[PDB]
Amino acid sequence: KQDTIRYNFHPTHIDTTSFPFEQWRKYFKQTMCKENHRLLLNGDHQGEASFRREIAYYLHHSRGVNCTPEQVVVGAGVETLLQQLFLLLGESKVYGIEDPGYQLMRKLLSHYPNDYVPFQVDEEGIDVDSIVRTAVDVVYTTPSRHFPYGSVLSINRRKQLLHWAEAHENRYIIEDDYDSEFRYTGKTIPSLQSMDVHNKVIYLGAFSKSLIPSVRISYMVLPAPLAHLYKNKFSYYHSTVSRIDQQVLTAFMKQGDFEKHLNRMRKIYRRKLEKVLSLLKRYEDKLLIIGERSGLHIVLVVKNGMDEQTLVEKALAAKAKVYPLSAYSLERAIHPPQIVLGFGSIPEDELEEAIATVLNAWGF
Amino acid sequence: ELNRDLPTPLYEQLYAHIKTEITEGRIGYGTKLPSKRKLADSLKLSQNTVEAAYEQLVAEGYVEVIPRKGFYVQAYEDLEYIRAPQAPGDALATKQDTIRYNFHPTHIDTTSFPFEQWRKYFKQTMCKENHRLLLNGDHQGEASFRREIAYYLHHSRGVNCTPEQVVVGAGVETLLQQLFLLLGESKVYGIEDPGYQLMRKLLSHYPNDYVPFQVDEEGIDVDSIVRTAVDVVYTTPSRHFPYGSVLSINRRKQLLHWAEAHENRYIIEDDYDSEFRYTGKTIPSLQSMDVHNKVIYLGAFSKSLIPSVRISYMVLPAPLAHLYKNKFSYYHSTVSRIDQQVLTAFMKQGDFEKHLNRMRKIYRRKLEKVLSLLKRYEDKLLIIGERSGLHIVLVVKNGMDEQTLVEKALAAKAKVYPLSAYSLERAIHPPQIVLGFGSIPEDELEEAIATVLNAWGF
DNA sequence: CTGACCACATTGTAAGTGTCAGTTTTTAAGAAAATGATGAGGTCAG
DNA sequence: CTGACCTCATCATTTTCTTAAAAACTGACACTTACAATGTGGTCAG
């Protein structure tokens, strides 16, 4: 991504002034001491055993995942967590991507021999019959929340996809959490793995939109057949999460000091959501709003007569960074140029003027 | 039906009792779900309790709303199948648990690292006005970090490279796969054998091919590579694992000309261990001689500074770096921005040089002490390449094969490292055993050597 | 009897301990604000 | 014409939240000492 002049909007951003520096510093200055000389040398390759038992307990008590600790595996970034899966499965597969989606599996297949099968996505979710008619083997879905429109899978389509997977032994399912645990009224839904008693789906979650983008931890769980294969085939690599950054989070989330950050962050964001919605409700004549209320971003559609190209350059001409939707979807978009905006990285006390200047830039 | 006074509120109970009626089939599809006002009186609860018992189910999709009519069920009979697949695994791992006396050649001394300077440097970085450092910036490392590395190597190792080329990454393996994908799958790679078990095993996945070679006291079979059709080669110039062999300079002109002969050839130079020669500084870096952009530099901060910070660097020549930037504009780095902005100051104020000096002197002292205790028994034990390195190679001339010797180390709770693992060909009739000491401090060398030597009956 | 060889003594820093003065963690208390549950209402079609 | 979906408050309770005091910390200094390089001074070999 890019640096900003004045203000920018980005879904992957976050508002960071609210993060407790000091409750991190205390754990750090506890963790690496003179008595602790063994941590300097290289540890295990899947993360330290405590950092996995604790993730097991956390996910069981927050998302319904019933995973015995030794399955889960750590990784760094997100994409570097994926490759090891690609070469693990093989190169005789074709992966199912939502055509509007998070443009990741597109760029991680441009460098491997496989190719991808696009799909259309409706206001309820992804298709479930288009996969059935085609012979795709792996699909990359967002059961908890659909980037960037916000649709949520019902029970019917989820049960159809799971029964589809159970049809034969040659296909696998990717779950991508994105921005869950931020669902306000409830906790969204018992996560998709919970419904499975067939050990046929993998879990993929992150620590980089809820805690910190730049500390670079992620984690997946593997079912009984795939975890053993991965371990037995990949013992000779080395873990990529620093062993000093495992014990800090083991304390930071072992004594109950992560939930007290999540609960605070929910509010931190809800008020901003309501303030921006209140500011926009005056402007309902033209700048329509699409999307169920959750997460960190909204998609505004502009029914003015201006085009996406001159719109974006006019926005950036007066030191305002706008983010057009042309890139996120493979096909050409509709006549009203959809625009995705995120509010996370903007300062709270400047929404009221930043949004106003943005709306001023194009037309009053 | 009593769910008051529970720590569990009434929302996720009534919303949980509708689940039974819809999923278990007591309420059919399309049936009229009673509206709230009839229900609110029915259960004695107010509307705002049962309201959110339902307003959740619209998102989960168990029911659907009609704007002026009651909520209606839209949830088919679920296809519940009960079959529990389970698969066992071999789960290979070659490392033993917490037991005394580890002699692994990778370990670096742990107790002597300046914890306190580390913490002091850390405290000044992650602070209140230092936000903008929890989100991601540039993907190719801190700009200050690149400039600092470029100035460090240019005056400490003879490297001539500008920062714009330099690359930072995570370890070595993840620093190598971005190179395999960068070059292609039509190449064949030249390795050393016996040697380091990384590039041989790491290519058990990719289509590419590898050519085993052999190592003399001069170095690698440069003429053999000349009389072959390999394209990009892996060598360890300034020191050679694990014999301490050093590449002769004339062979270095030969290898430079070998690479220069054909345009598509490139040379991997991996000087993992540097500035750790006990005497006379160390040989200058190979790429200082090359003038026409045919060599890439690979090195890391992971035996010098700390084993577990997982950081490395890598230099690219201008045509290859340009192409790497064009084709990799979307990846993001794997080194925490905080670690980068900490180490930039940590080496901006010169403390790393002091650490180098202290550990260098510590390790020399350990090696002369070990040699002076090692030297008295020489009827059966001999050493190669003593002058430099963090490890020794110990040949055992007892009249019996090496497997029992290796296992007897773990019989008495000692960790030993036979060279058979690093060696493809088995031409070792007198066993070669390599020993490391770097993790064990000075005061324990005596007892460790005594017990391990007694283990073999000495 | 001189250039060579062999020969210790001066020297300029890293390594150890005490003071102090400054920001600096740890702990108990009073106070604020949000949550779930009750209750009184709100508008609007067919 | 019932019936339907829906906007305000004040509650009991608790899990966040700003405050003031006393104890642990760590910085620039005082030096003082060890460590190990270099210049030096003794005789040696035709």
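Numbers attached to residues count from 1 within each chain as its sequence is written and can disagree with those in the entry; no residue without coordinates is shown. To label them, take the chains in the order written and letter them from A, then take the ligands in the order written and number them from 1. Processing note: side-chain calculations cover all non-hydrogen atoms of the structure and skip hydrogens and water entirely.

This entry lists cryo-EM as its structure determination method and reports a resolution of 3.99 Å.

As named in the PDB entry, chain B is PLP-dependent aminotransferase family protein, taken from Alkalihalobacillus clausii. Per the PDB header, the entry is named "Cryo-EM structure of holo-PdxR from Bacillus clausii bound to its target DNA in the half-closed conformation". UniProt positions are given in the numbering used here, feature names are shortened, and annotations may be inferred rather than shown by experiment. Comment text from UniProt for chain B, heading Sequence similarities (unreviewed entry), reads "In the C-terminal section; belongs to the class-I pyridoxal-phosphate-dependent aminotransferase family." Quoted verbatim from the Cofactor (unreviewed entry) field of UniProt, the annotation for chain B is "pyridoxal 5'-phosphate".

Per the PDB entry, the recorded name for chain A is PLP-dependent aminotransferase family protein, and the organism is Alkalihalobacillus clausii. Chain A has a UniProt comment under Sequence similarities (unreviewed entry) that states "In the C-terminal section; belongs to the class-I pyridoxal-phosphate-dependent aminotransferase family." Turning to chain A, the UniProt annotation filed under Cofactor (unreviewed entry) states: "pyridoxal 5'-phosphate".

Peer 1: Can you walk me through the overall build of chain A in this structure?
Peer 2: Counting its secondary structure elements, chain A contains 10 helices and 10 strands. Only C-alpha atoms enter the radius of gyration, while the globule expectation follows 2.2 Å times N to the 0.38, with N the number of residues. In summary, chain A has a C-alpha radius of gyration of 22 Å against a globular reference of 21 Å for 364 residues, a match within 12%. Referenced to the eigenvectors of the C-alpha coordinate spread, the extents of chain A come out at roughly 60 × 55 × 35 Å. Counting over 364 residues, chain A shows a buried share of 57%. The contact criterion used throughout is that any non-hydrogen atoms of two residues lie within 4.5 Å. Considering only contacts within chain A whose residues lie at least 6 apart along the sequence, 74% involve residues at least 24 apart. What counts as a helix is a DSSP run of H or I of at least four residues, what counts as a strand is a run of E of at least two, and both are numbered from the N terminus. Using a 1.4 Å probe on the protein chains alone, a residue whose accessible area is under 20% of its type maximum counts as buried, one over 50% counts as exposed, and one in between counts as partly exposed.

Peer 1: Just to check I follow, could you spell out the overall build of chain B for this structure?
Peer 2: Assigned secondary structure in chain B consists of 15 helices and 13 strands. In terms of overall size, chain B is more extended than a compact globule, its C-alpha atoms giving a radius of gyration of 32 Å where 458 residues would be expected to give roughly 23 Å. When its C-alpha atoms are laid out on the principal axes, chain B stretches across 95 × 55 × 50 Å. Once local pairs closer than 6 in sequence are excluded, the contacts in chain B between residues at least 24 apart make up 70%.

Peer 1: Which parts of the structure should I look at to understand the protein's contact with DNA strand C?
Peer 2: Here, proximity means that at least one heavy atom of the residue falls within 4 Å of the molecule or strand. As a matter of local geometry, DNA strand C sits amid 14 residues, with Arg4, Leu10, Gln47, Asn48 and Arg68 of chain B nearest to it. In DNA strand C, atoms within 4 Å of the protein come 63% from sugar and phosphate. Two N or O atoms count as a polar contact when they lie within 3.5 Å, although within protein this holds only if one can serve as hydrogen donor and the other as acceptor, and sequence-adjacent residues are included solely when both atoms are side-chain atoms. Here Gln47 of chain B contributes a side-chain N or O atom positioned 3.0 Å from a base nitrogen of DNA strand C. Sorting the residues of the surface near DNA strand C by element identifies α8 (259-281) of chain A together with α3 (47-55) of chain B as the ones contributing at least two each. Here the surface near DNA strand C gets 3 residues from one element, more than from any other, and that element is α3 of chain B. For the surface near DNA strand C, a count of residues per class yields 4 nonpolar, 4 polar and 6 charged. Throughout this entry, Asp, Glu, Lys and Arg are counted as charged residues, while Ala, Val, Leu, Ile, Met, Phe, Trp, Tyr, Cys and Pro are counted as nonpolar. The remaining residues, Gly among them, count as polar.

Peer 1: Would you mind going over the UniProt feature "domain: HTH gntR-type" (unreviewed entry) in chain B with me for this structure?
Peer 2: UniProt tags residues 8-76 of chain B as "domain: HTH gntR-type" (unreviewed entry). Helix makes up 48% of residues 8-76 of chain B and strand 13%, and the two end C-alpha atoms of the span are 29 Å apart.

Peer 1: Teacher, can you tell me more about the domain arrangement of chain A here?
Peer 2: Interfaces are often sized by the amount of accessible area the parts lose when they come together. All names here are of chain A. You can read the domains of chain A as domain 1 (43-242) and domain 2 (259-362). Where a domain begins and ends is set by an automatic assignment or by a domain database. The distance between the C-alpha centroids of domain 1 and domain 2 comes to 28 Å. Listed per partner, the contact involves 21 residues of domain 1 and 24 residues of domain 2. When residues of domain 1 are sorted by the area they lose upon contact with domain 2, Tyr149, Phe182 and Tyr184 head the list and together hold 34% of the total. In what follows, salt bridge is the name for a side-chain nitrogen of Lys or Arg lying within 4 Å of a carboxyl oxygen of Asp or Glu. Where domain 1 meets domain 2, there are 1 salt bridge. Put simply, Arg183 and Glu292 hold a salt bridge, and the shortest N to O gap is 2.4 Å. At the surface where domain 1 touches domain 2, the tally comes to 6 residue pairs in polar contact. Accessible area, probed at 1.4 Å, shrinks when two parts are joined; the buried area is that loss added up over both.

Peer 1: Could you clarify how one ought to interpret the interface of chain B and chain A in this entry?
Peer 2: Opposite the 67 residues of chain B that make contact, chain A presents 68 residues. Summed over both partners, the interface of chain B with chain A buries about 6,600 Å², with 57% contributed by carbon and sulfur atoms. With a shortest N-O distance of 2.4 Å, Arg83 of chain B and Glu166 of chain A are connected by a salt bridge. Across the contact surface, chain B and chain A share 29 residue pairs in polar contact. The residue makeup of the side of chain B that touches chain A, split by class, is 32 nonpolar, 21 polar and 14 charged.

Peer 1: Got a minute to help me understand the sheet that holds strand β12 (residues 417-418) of chain B in this structure?
Peer 2: One key point about sheets: their strands pair by backbone hydrogen bonds, in either a parallel or an antiparallel sense. Residues and elements named next belong to chain B. Only when DSSP finds a minimum of two bridges between them are two strands counted as paired. Pairing in this open sheet of 4 strands is antiparallel, and the strands run β10-β11-β13-β12 from one edge to the other. Strand pairing shows two members of the sheet lacking a second neighbour, β10 (381-384) and β12, which therefore form its edges. Of the pairings in the sheet, the one linking β12 to strand β13 (residues 432-436) comprises 2 bridges and is antiparallel in character. Paired with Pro418 across the bridge in β13 is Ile433.

Peer 1: Before we go on, may I ask you to explain the nonpolar core in this structure?
Peer 2: Side chains of a nonpolar character, in soluble globular proteins, are inclined to be buried together. Counting 93 residues, the largest nonpolar core has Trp362 of chain A together with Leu305 of chain B as the members making the most contacts within it. Sorting elements by how many residues they give to this core places α8 of chain A first, with 8 residues. Each residue touching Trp362 of chain A, except ones within four places of it in the same chain, is listed here: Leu287, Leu300, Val302, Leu311, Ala315, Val322 and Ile339 of chain A. Of all hydrophobic cores here, the second largest spans 51 residues; its members include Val73 and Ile97 of chain A together with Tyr189 and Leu316 of chain B. Grouping buried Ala, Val, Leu, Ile, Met, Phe, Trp, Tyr and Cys residues that are joined through side-chain atoms within 4.5 Å yields what is termed a nonpolar core.

Peer 1: Please clarify how the sheet that holds strand β5 (residues 209-211) of chain B should be interpreted in this entry.
Peer 2: Residue and element names in this part refer to chain B. What the 7 strands build is an open sheet, ordered β3-β9-β8-β7-β6-β4-β5; its pairing is mixed. Across the chains shown, the open sheet's two edge strands, defined by having one partner strand only, are β3 (167-169) and β5. Between one strand axis and the next, the sheet turns by 20° as a mean value, whatever way the strands run. In this sheet, strand β7 (residues 266-270) lies alongside strand β6 (residues 232-235) in parallel orientation, the contact comprising 4 bridges. Directly across from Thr235, in β7, lies its bridge partner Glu269. Only the stretch in contact is used when fitting a helix axis, every axis being a line fitted to C-alpha atoms; angles between N-to-C directions are given from 0 to 180 degrees.

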